[PDB]
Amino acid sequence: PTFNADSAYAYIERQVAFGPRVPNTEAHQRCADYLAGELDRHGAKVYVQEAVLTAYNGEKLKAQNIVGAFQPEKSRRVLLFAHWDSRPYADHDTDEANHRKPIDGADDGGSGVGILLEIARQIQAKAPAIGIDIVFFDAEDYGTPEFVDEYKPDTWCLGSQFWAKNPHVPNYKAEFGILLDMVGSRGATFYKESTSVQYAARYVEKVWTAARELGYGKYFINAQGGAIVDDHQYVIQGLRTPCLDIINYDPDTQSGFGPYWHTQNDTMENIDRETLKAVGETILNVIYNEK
């Protein structure tokens, strides 16, 4: 079917228009209703995991993991996921005055949700043969900031850790999983992420092959990228479900992400419909080609 990059663009704009999706803010709460409501409008049976999660600083985060289960009676299922919270710190900003102030997270948060929001629209209009679980993970981007010296493990991906050990349905199972992260920036290039190739090799090939078949090899690069801490690591760990990350890899930065990453430059100004189009068209092709 047709992926509407313009609609996925408006869904990103709608989230960011709330203000930053920082856990324990009202903008976060209004956005939680908005995301779950849209999933339900497009035929999903919606599950909201409310969990009080502890950030690196000991703060209790009132998180919502949002699960849209499509055709929930189908036993053969694919997991599509992304994080929806916005980081509380622009801790890589060039202005130190912004280091403890939140980011809009248009690309880091908004893009991966927005694409999956249009997917929900498309699969309500043309039901796929397989079941689809759309999962929006909370409290992914609240990890220890650069301006804190002490290291603690697993302070990122707080929501995906909870769900992976506490699924929304008992014995939840997916054939494989596809994570979308920072999938809207102008000039994005998604290299094959190392954790993905390790545990989801057959599906990295599935996604990268389909992407080139559709003409999106300029986006899905046939080369290896970084080893990345992301939500797909904790779903792999917890369910042993093979998961891949479609995540921007920027080889020119020290961090490996776009220059706006964890800055207040992560706004709608960077979102590229053609980047959105590539990712959305590719995933729609693969899921409808699952039997």
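The numbering used is simple: start at 1 and walk along the sequence shown.
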{"query": "Segment of higher mean CA temperature factor, 55-63 or 261-269", "finding": "55-63"}
{"query": "Higher-B stretch (mean Cα B-factor, as the entry records it), 221-229 or 28-36", "finding": "221-229"}
{"query": "Most elevated Cα B-factor in the entry, residues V135, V113, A125, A90", "finding": "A125"}
{"query": "Residue selected from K101, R121, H83, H168 by maximal Cα B factor", "finding": "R121"}
{"query": "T189, C-alpha B-factor rank within chain (lowest, middle or highest third)", "finding": "middle"}
{"query": "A44 - Cα temperature factor, lowest/middle/highest third of chain", "finding": "middle"}
{"query": "Chain-wide C-alpha B factor ranking for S160, given as lowest, middle or highest third", "finding": "lowest"}
{"query": "Relative C-alpha B-factor of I247, binned into the chain's lowest, middle or highest third", "finding": "lowest"}
{"query": "Chain third (lowest, middle, highest) by recorded CA B-factor, residue given as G177", "finding": "middle"}
